[PDB]
Number of protein chains: 6
Amino acid sequence: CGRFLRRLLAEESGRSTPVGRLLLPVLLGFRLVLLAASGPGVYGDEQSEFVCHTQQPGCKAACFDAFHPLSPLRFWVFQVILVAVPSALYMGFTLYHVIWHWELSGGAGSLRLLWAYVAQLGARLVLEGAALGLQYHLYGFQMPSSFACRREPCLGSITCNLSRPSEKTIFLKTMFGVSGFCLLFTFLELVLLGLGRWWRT
Amino acid sequence: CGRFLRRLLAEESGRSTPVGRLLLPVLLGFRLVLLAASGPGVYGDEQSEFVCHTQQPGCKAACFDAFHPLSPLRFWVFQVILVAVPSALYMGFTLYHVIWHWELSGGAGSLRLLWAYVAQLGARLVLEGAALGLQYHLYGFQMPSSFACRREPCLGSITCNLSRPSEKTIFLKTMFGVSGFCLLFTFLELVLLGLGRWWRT
Amino acid sequence: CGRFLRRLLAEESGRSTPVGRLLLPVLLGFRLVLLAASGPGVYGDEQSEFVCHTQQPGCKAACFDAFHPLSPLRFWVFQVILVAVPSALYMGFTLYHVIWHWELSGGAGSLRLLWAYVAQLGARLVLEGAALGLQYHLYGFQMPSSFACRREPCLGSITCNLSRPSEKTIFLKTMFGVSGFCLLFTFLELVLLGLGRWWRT
Amino acid sequence: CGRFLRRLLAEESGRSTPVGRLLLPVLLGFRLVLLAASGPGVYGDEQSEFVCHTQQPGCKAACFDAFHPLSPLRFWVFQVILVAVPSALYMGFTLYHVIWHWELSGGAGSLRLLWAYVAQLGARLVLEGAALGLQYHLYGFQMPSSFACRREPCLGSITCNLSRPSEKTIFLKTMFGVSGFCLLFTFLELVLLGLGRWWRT
Amino acid sequence: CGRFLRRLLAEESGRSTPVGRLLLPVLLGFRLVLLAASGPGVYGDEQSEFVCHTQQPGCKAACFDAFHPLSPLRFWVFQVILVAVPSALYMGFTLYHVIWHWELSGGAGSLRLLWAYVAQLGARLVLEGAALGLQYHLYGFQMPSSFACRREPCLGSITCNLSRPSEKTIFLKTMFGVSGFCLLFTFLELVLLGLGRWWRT
Amino acid sequence: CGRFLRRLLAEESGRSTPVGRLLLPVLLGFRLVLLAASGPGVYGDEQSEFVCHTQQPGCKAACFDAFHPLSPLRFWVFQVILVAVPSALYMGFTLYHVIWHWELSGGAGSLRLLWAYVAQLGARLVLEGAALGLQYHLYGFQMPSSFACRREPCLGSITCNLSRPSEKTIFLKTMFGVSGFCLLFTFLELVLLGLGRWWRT
Ligand SMILES: CCCCCCCCCCC(CCCCCCCCCC)(CO[C@H]1O[C@@H](CO)[C@H](O[C@@H]2O[C@@H](CO)[C@H](O)[C@@H](O)[C@@H]2O)[C@@H](O)[C@@H]1O)CO[C@H]1O[C@@H](CO)[C@H](O[C@@H]2O[C@@H](CO)[C@H](O)[C@@H](O)[C@@H]2O)[C@@H](O)[C@H]1O
Ligand SMILES: CCCCCCCCCCC(CCCCCCCCCC)(CO[C@H]1O[C@@H](CO)[C@H](O[C@@H]2O[C@@H](CO)[C@H](O)[C@@H](O)[C@@H]2O)[C@@H](O)[C@@H]1O)CO[C@H]1O[C@@H](CO)[C@H](O[C@@H]2O[C@@H](CO)[C@H](O)[C@@H](O)[C@@H]2O)[C@@H](O)[C@H]1O
Ligand SMILES: CCCCCCCCCCC(CCCCCCCCCC)(CO[C@H]1O[C@@H](CO)[C@H](O[C@@H]2O[C@@H](CO)[C@H](O)[C@@H](O)[C@@H]2O)[C@@H](O)[C@@H]1O)CO[C@H]1O[C@@H](CO)[C@H](O[C@@H]2O[C@@H](CO)[C@H](O)[C@@H](O)[C@@H]2O)[C@@H](O)[C@H]1O
Ligand SMILES: CCCCCCCCCCC(CCCCCCCCCC)(CO[C@H]1O[C@@H](CO)[C@H](O[C@@H]2O[C@@H](CO)[C@H](O)[C@@H](O)[C@@H]2O)[C@@H](O)[C@@H]1O)CO[C@H]1O[C@@H](CO)[C@H](O[C@@H]2O[C@@H](CO)[C@H](O)[C@@H](O)[C@@H]2O)[C@@H](O)[C@H]1O
Ligand SMILES: CCCCCCCCCCC(CCCCCCCCCC)(CO[C@H]1O[C@@H](CO)[C@H](O[C@@H]2O[C@@H](CO)[C@H](O)[C@@H](O)[C@@H]2O)[C@@H](O)[C@@H]1O)CO[C@H]1O[C@@H](CO)[C@H](O[C@@H]2O[C@@H](CO)[C@H](O)[C@@H](O)[C@@H]2O)[C@@H](O)[C@H]1O
Ligand SMILES: CCCCCCCCCCC(CCCCCCCCCC)(CO[C@H]1O[C@@H](CO)[C@H](O[C@@H]2O[C@@H](CO)[C@H](O)[C@@H](O)[C@@H]2O)[C@@H](O)[C@@H]1O)CO[C@H]1O[C@@H](CO)[C@H](O[C@@H]2O[C@@H](CO)[C@H](O)[C@@H](O)[C@@H]2O)[C@@H](O)[C@H]1O
C-alpha cells in the first residue's frame, strides 16, 4: 500500500492550494481535540451547578429547562459531524475513481474531480455560517450568574444561581473564534479558485 | 494486501449506484457516532430524574416501570446491530467468492452476487420500517413534564415530575429523521435496479 | 501476508457449508456486542435496586444473597468464553498445519482437519445445551416485582421490592433466543455433514 | 513480515508437544479475560460491603484490616504477571537467535533452545504451586457471612456482617480450578519430554 | 512503506542538529504524558476542595469564581495543542514535497524546506514565552491555604479553606520547569543555525 | 519493514550482554504494568480514608497536608518517565545512524554507538539511586494506623485514623524491591563491559 497511497494523495489534492491542503485539516482537528479533552470538564455538571432557592416540587426542573433547552456540548457534537459529511463523500468518490483507472492506465475524468471539490466547499460554507447564527441566538457571548424564573408550578418569582460563569464564558468565545477562522479560510479557498470571475458573469 | 483490496472493492460494488456505494455507508455511520457520543448524556440518568411526591414503599418503582418499560438507549442499540447483520453476511459471501476464483482466474458467478445484493436491501427495508413503527408506538414525538400514576401499592393518584423534557424531545426527533432517510435511500436503490419492471409483471 | 491469509481461509473452510462459514460467526458476534453495549445498563445496579422494609442489621444482605446467588452478567461472561475455547484450539491446529506443508508443498493431512472440525461442533453442542438448562433453572423467564424472605437474622417475614422488572424480563428472553439459534445451527451443520448416516449404523 | 513469522513459529515450537503448543496458551488467556471482565464486579466494593455495629472512632478500620490484609484482586494480578516473566524471556531469546542465523544460513544452536524451554517450565511449575498454597492459606474455600473482632480501639467484642458471600465463594473456587489445570498440564509437558528417564538416573 | 519512510525522515531532518532532532521531541512528549497521567488526580476536584464558612445562598460560587476564573488543567491543554500547530503544518508541507519529486527524481526545492523550519521555531518561541507569562500572572509559584473574599452577595468578609496546597504547589513548579527547558532548547537551535550572523546585519 | 527491523535490532544490541538485552526490558515492563493495574486500587482514595475526630473548620485539611505532601502514585509516575528519557534518546540516535549508512553501505561509526550505550546506563544508575533515597526519606517501610497532629487552626492535639495500613505497607515494599533489582542489574551490565579496568586506572 505504498504506491497506492502515493497516487491517491497526489490526485485528491492536485488542484487545491495550500490553504485547503494544509491549513484547513489542521484547523478542524484542533477543534475536535479541544472539545473532547476539555469540554466535559466545563459543561458536564450544569444540572447540579444550578441552585434555586425554593422547596416546591418541580420548580427547579421547570426553570432549568427554560434556561437551557439544549446544552452546548450537544450542539458542538452535531456541528463537527455534519461538517464532516461532505468531506467523507469526496474521499470515497476519489477512491473509486483511482481504482477504475489503474486497470487501463496503470479530460472527462480530471474535470470530474474539480466539480466535486467546489461542491463540498459550498456546502461547508453554508453549514458553518448557519451554526454560528444559532450559537449566538441560543447562548450569546456570556453566561450569567443569576436567572429569574416566572414559570409554573413556581409560586411568584424565584432566584437561581449558577457556578463557574467565568470559565464557561471563556470556552464559549474560544469556540466562536475557531469556527470563524474555519469559515474564513473556506471562503478564501473558493476565491483563489476563481469565484470572482464566476460571480460577475 | 494492496492488489487484494483493489479487487474486492471493485467486485463488491461493480453493480451498484452511487446511492448504495457512498451515501448509505455515510448515513449509517452518522447514526452510530451520534448515539455513542451524545446518547448517554441525555438518557443515562432517567431513573434519578423521575421524582414522585409520596413516601409509601414501592410506589416510585411501580410508576417508573409503567412509564418506561424499555429505555430508548436499549432500543437504538438493538436497531443498529440488527441492520448490520445482512451487511455482514454479504461481505463474507463476497470474500470467499474472490478467493475461489484467484487460483483459476488470477456468468454463473457474476450473477450469484447480484441476487445477494437485492436480498440484503429487502431485509434492511423490512427491519427499518418495523423499527420506526415501534418507536412511534412506544415513545411518540414528545416526552412530557408530568405523569399521573394509579397503580398498586400506591394509595390514590400521585403526581410525578420529569427533568429535561426539551432536550429529550429534540434528540428523539433527530433520530426519527436520520432513520427515515436511511429508509428512503434503501427503497430508492431498489428502484434504480429495476424494481418497477419486476413490480408490474 | 497476502498470499498466506488467502491460503488459510481456503483451508480452514474447504469442507464446511455456508451455515458454519457465514451464519455462525455472525450469530456469535451479535451476542457479544449486545452483552458489552447493553448489559451493564440493565443489571449493573441490582444491589441498590433491592429495597427491603426493615431496620435490623444484616437482614437485607441475607435476603439479597438468597434471591440472587449469581448475577446474570457473570453467567453470560463465562458462557461466551467457554464456547470460544474449542474454536481457538481449531484455529491454532490449522495454523501450524499450513506451515509444515509450505516448505515441501509450497490424504492423511486433509483427513486430519475434518476430524477436528467435527470435534469442536460436538463440544459446543454440549456446552450450549447445558448453559440453557442452568439459565432456566436459576432465573426462569420472568423477574418478579416482590420477594418474601424468611431468613435469619430477620425477625418474622419481610417484604422486599425490585426496580425495573419489565426491562430485565425483556433482556433475559432476548438472550435465551439468540443462544437457541446458535444451538440450532450448530446441530444443523452436523446433519449436513452426515450425522444421519453415522447415527443409524 | 510473512516469511519471518513463518520461521519463528516453526522454531519456537519445533520441539514441543500439542499440550504446550495449543492447550497452555489457551488456558492462560482464559484466566486473564475472566479476571479483567468479571473480577472488579465481585470484589471491587469490599470496603463498603463491610458493616460493623458500633460507633467508636476507628473500630471499623481496625477490624477490616485484620480480616483482609490483602484483597484477592491484588493477589491474582501479581500471579499472572509473575508467570509471564519466564515466557517473555524465552520469546526474546528465540527472536535474537533467528536473526543471527539468517545472515549466514538464510547442533550447538538447536540444542541451545531445548535447554531454555525446560528451564521456563520448571520455573512456572514452582511459581504456580506456591501461589495455590498462599491462596488456600489466606482465604480458604469459603467467604463467611459474619466476623467477630476483638481488637483495639474496639471496646468488647463486636459483630460485623458481609454482603454477597455466595457469589464471592463461587468466583474463588473457579480460579482455584483454572490454576490447578495450568499446573497439571505444565507438569505433564515435562514428563512427555523425558523427565521420567532423568528422574531415575 | 519501508523505502518511503526511510526517505521522509532523511529529508525532514537533513538540515537540523541533534538538539532539534532528538532532544525536543522527547521533551514535548514528556510534558504530554505527565499531564494526562497525573494532572486530573491533583486538580480534578478543586470545586469540592473549596470550603467556605457561611450559609448565605450563592456566596461560595461567587468566591470560587473570583479565586480561579480558569483552572490550570484547561490552560495546559490549550498550550500543548497550540505549540503542535506549527509542527503539524511543517510535516504536511514535507510530505507533499516528497511526492512531487518521486515521479521525476525517484536547489529551489532544498532551499524551500529550510525557510519553513526556521519559521515554525520562531512561532513556537513566541507561543512558549507568552504562555509562561500568563502562568506566572494567573497562578504564581504557590497555592495558598486560605482566601479572603469580600464579594456580593456575601455579607461582610468570610474565610475559605483549601485542601492539598503542598501537592498543587509541587506540580505547578514542575510544569514551569519543563516548559522553560523547551523554550531554552528552541532558542538554542536557532543560534546554531546562524541567528547570530543574521542578528548583527 | 522486514529487513529494516532485522538490521536495527542487530545494531542496537550487537555490543550488549543478555543482562541488558533480555532481563532489563522485562524488569522495567513489570514495574509499569503493576503500577497501572494495581496502583489506583490501593492509593486512590487516601483522602476519604483519613478520618480525624474534630469539628473545627479546616483542621482535617491541615493535618492531611502535613502527613502526605505528595502521594506515592505521583512519585512513581515521575520515576518511570524520567528513567525512560535516556532510553528514548539512544533509540533515536541509533535509528538515524542506520539510515545514513544504508545509502552507501546498503570504525568511527561502530565506536560511536558504544559510547552512547555507556552514557545512558550511567544516567539511569544515578536516577534510580536518588529515587530510592527519596522513597525511604518520604514514606519509609511502613504506613501507620494513627497520626498525631498539632497544627493550626486545630485547638490542642487531635487523633486521626487511617484505613488499610497493611495493604499499603505490602505494596510499598514490593516496589522498593523491583527498583532495587533494576539498580543491581544496571550496575552489573557496566562491570561486564569493563568498568573494573577503567576504575583502577
Ligand atoms: C440562523 C438564525 C436562526 C433563526 C432562529 C431559528 C429558531 C430555532 C429554534 C430554537 C429553539 C431550539 C431548537 C434548535 C436546536 C437544533 C439543534 C439540533 C442538535 C441536536 C443534536 C430554542 O428556543 C427558542 O425559544 C426562545 C424562548 O421562547 C428562547 O429564548 C430564550 O428564552 C428565555 C426564557 O425566558 C431565556 O431566558 C433567554 O435566554 C431567551 O430569550 C431561545 O432559545 C429560542 O429563541 C426552539 O426550542 C423549542 O423546542 C421545543 C422542544 O423541541 C421546546 O419544548 C416544547 O415546549 C415546552 C414548553 O415551552 C415544553 O416544555 C416541551 O415539552 C415542548 O416540547 C420549546 O419550548 C422551544 O424551546
Ligand atoms: C504576557 C503578560 C500577560 C499580560 C496580562 C494579560 C491579561 C489577560 C486577562 C487575564 C484574565 C483571564 C483571561 C485569559 C485566559 C485565556 C486562556 C484561554 C484558554 C481557553 C482554553 C484573568 O483575570 C485578571 O483579573 C484579575 C482580577 O481583576 C485577576 O487578579 C486576581 O484577582 C484577585 C481577586 O481578588 C485574586 O485574589 C488574585 O489572585 C489576583 O489579583 C487576574 O486573574 C487577572 O489579572 C481576565 O479574566 C476576565 O475574564 C472575564 C470572563 O472572560 C471575567 O468574567 C467577567 O466578569 C465577571 C465579574 O468580575 C463576571 O462574573 C463574568 O460574568 C464576566 O464574564 C472577568 O471577571 C475577568 O476575570
Ligand atoms: C409495528 C407496529 C407495532 C404493533 C404493536 C406491537 C406490540 C409490542 C409490545 C410493546 C411492549 C414492549 C415490548 C417490545 C420491546 C421489544 C424490543 C427488544 C429490544 C431488546 C434489546 C410495550 O407495552 C405495551 O403496553 C402498553 C400498556 O399496556 C403501553 O402503553 C403505554 O401504557 C401507559 C401506562 O399507563 C402509558 O402511560 C402510555 O405511555 C402508553 O399508553 C405501550 O408501551 C405498549 O402498547 C409490551 O410490553 C410488555 O412487556 C412485559 C415484559 O416483557 C411487561 O411486563 C409484564 O407485565 C408487568 C405488569 O404489567 C409486570 O410488572 C412484569 O413483571 C411482566 O413481565 C408488560 O407489562 C408489557 O409492558
Ligand atoms: C442442566 C440442569 C441443571 C441441574 C441442576 C444443577 C444444580 C447447580 C447448583 C445451582 C446453584 C448455583 C451454582 C451454579 C453456578 C455455576 C456458574 C459458574 C460461573 C462462574 C463465573 C444455585 O442454588 C440452587 O439452590 C436453590 C436454593 O436451595 C435455588 O433455588 C432458589 O431458592 C429460593 C430461595 O428461597 C429462591 O426464592 C428461588 O428463586 C429458587 O427456588 C437455586 O438457585 C438452585 O437450585 C447452587 O448454589 C449454592 O452455592 C453455594 C455457594 O457456592 C451457596 O452458598 C453456600 O450456602 C449458603 C447458605 O445457604 C452460605 O450463605 C454460603 O456461605 C455458602 O457458601 C449455596 O447456598 C447454594 O446457593
Ligand atoms: C537523596 C536523599 C534526599 C535528601 C533530602 C532531600 C529533601 C527534599 C525535600 C522533601 C519535601 C518534598 C519535595 C520533594 C518531592 C519531589 C518529587 C517531584 C515529583 C512531582 C511529579 C518533603 O518535606 C520534608 O519536610 C519534612 C517536614 O518538615 C517531612 O518530614 C515529615 O514531617 C512530619 C510532620 O510532622 C511527618 O509527621 C513525618 O512523616 C516526617 O518527619 C518530610 O516529608 C521531608 O523531610 C519538601 O516539601 C516541602 O514542600 C513545600 C511545597 O513545595 C511544602 O509546602 C510549603 O510549606 C507549607 C507549610 O509547611 C505550606 O502549607 C505550603 O503552602 C508551602 O508551599 C513544605 O511544607 C515542605 O513540605
Ligand atoms: C506456601 C505456604 C505458605 C506458608 C505461609 C507463608 C506466610 C506469608 C505471610 C502471610 C501474610 C500476608 C503477606 C503475604 C502477601 C504477599 C503477596 C504480595 C502481592 C503484592 C502485589 C498474612 O498474615 C498472616 O497472619 C495471620 C494473622 O496473624 C493471618 O491469619 C488470619 O488472622 C485472623 C485474624 O483474627 C483471621 O481471622 C483469619 O482469617 C486468619 O487466621 C493470615 O493472613 C496469615 O497467616 C502476613 O501479613 C502480615 O503483613 C503485615 C504487613 O506487611 C501486617 O501488618 C503489620 O502488622 C499490623 C499489626 O498486626 C499493623 O497494623 C501493620 O501496620 C503492620 O505493617 C501484619 O499484621 C501481617 O498481617
Side-chain angles (χ1 to χ4, degrees), chain D residues 1-8 32 35-36 39-40 43-48 50 56-71 73-78 80-82 84-103 106 116 151-153, chain F residues 1-14 16 18-42 44-45 48-54 143 145-147 158-171 174 178 181:
Chain D
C1 232
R3 189 156 146 260
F4 191 63
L5 266 48
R6 177 158 73 260
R7 234 244 174 243
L8 187 65
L32 181 59
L35 181 69
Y43 284 108
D45 300 298
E46 292 178 310
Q47 211 173 352
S48 58
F50 193 98
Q56 327 307 64
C59 179
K60 163 159 158 39
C63 296
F64 178 78
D65 197 53
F67 167 75
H68 257 183
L70 183 67
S71 181
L73 269 176
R74 253 59 83 186
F75 179 84
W76 290 320
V77 171
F78 199 72
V80 300
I81 60 180
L82 266 180
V85 163
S87 302
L89 298 169
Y90 175 70
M91 285 200 259
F93 173 78
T94 310
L95 179 71
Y96 284 103
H97 178 276
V98 168
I99 287 164
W100 302 335
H101 284 85
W102 200 297
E103 301 151 349
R151 257 231 179 159
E152 267 152 29
Chain F
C1 232
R3 189 156 146 260
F4 191 63
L5 266 48
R6 177 158 73 260
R7 234 244 174 243
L8 187 65
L9 298 155
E11 201 76 16
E12 169 161 30
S13 299
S16 51
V19 174
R21 174 157 53 214
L22 303 168
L23 185 57
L24 272 176
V26 169
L27 250 171
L28 299 167
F30 180 90
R31 182 174 62 181
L32 181 59
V33 174
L34 179 65
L35 181 69
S38 286
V42 194
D45 300 298
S48 58
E49 290 174 9
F50 193 98
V51 182
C52 294
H53 314 327
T54 189
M143 199 68 67
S145 58
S146 295
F147 177 85
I158 57 152
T159 306
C160 301
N161 298 94
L162 280 76
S163 305
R164 293 188 289 160
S166 296
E167 187 165 40
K168 293 172 173 150
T169 298
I170 290 162
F171 200 80
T174 303
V178 175
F181 284 114

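Below, all heavy atoms of this structure are taken into account, side chains as well, without hydrogens, waters or symmetry copies. Below, chain A is the first sequence line, B the second, and so on; all start at residue 1.
No more than 12 heavy atoms of other residues, nucleotides or ligands sit less than 6.0 Å from atom CZ of F:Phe181. Annotation for F:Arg7: atom CZ does not count as buried by contact number, only 12 or fewer foreign heavy atoms lying within 6.0 Å.
Within the cation-pi definition used here (under 6.0 Å to the ring centroid, within 45° of the axis), D:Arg74 does not qualify as a partner of F:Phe171.
The distance from the OG atom of F:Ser166 to the CZ atom of D:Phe67 is 13.5 Å, given to the nearest 0.5 Å. In this structure, NE2 on D:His68 lies 10.0 Å from CD on F:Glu167, to the nearest 0.5 angstrom.
Looking at F:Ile170, the atoms closer than 4.5 Å to chain D (heavy atoms on both sides) all sit in the side chain, from C-beta outward. Of the atoms belonging to F:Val33, it is side-chain heavy atoms, and not backbone ones, that fall under 4.5 Å from chain D. For a residue to count as touching a neighbouring chain, one of its non-hydrogen atoms must lie under 4.5 Å from one of that chain's; by this rule F:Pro18 does not touch chain D. Proximity to chain D (any heavy atom under 4.5 Å) is shown, for F:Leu27, by neither the backbone nor the side chain.
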Given F:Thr174 and D:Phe78, is the side-chain contact (heavy atoms from CB on, under 4.5 Å) satisfied, shown in steps?
CA-CA 10 Å; F:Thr174 303; D:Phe78 199 72; 4.1 Å; yes
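Annotation for F:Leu23 and D:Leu89: closest pair CA-CD2, 4.3 Å, computed over non-hydrogen atoms. The heavy-atom pair separating D:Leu82 from F:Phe30 by the smallest distance is N-CE1, 4.3 Å. In terms of heavy-atom proximity, F:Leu9 sits nearest to D:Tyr96 at O-CE2, 3.9 Å.
For the set D:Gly92, D:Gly58, D:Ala66, D:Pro57, the entry with the most heavy-atom pairs within less than 4.5 Å of chain F is D:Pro57. Listed options D:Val77, D:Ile81, D:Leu70, D:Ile99 were ranked by heavy-atom pairs under 4.5 angstrom with chain F; first place goes to D:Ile81.
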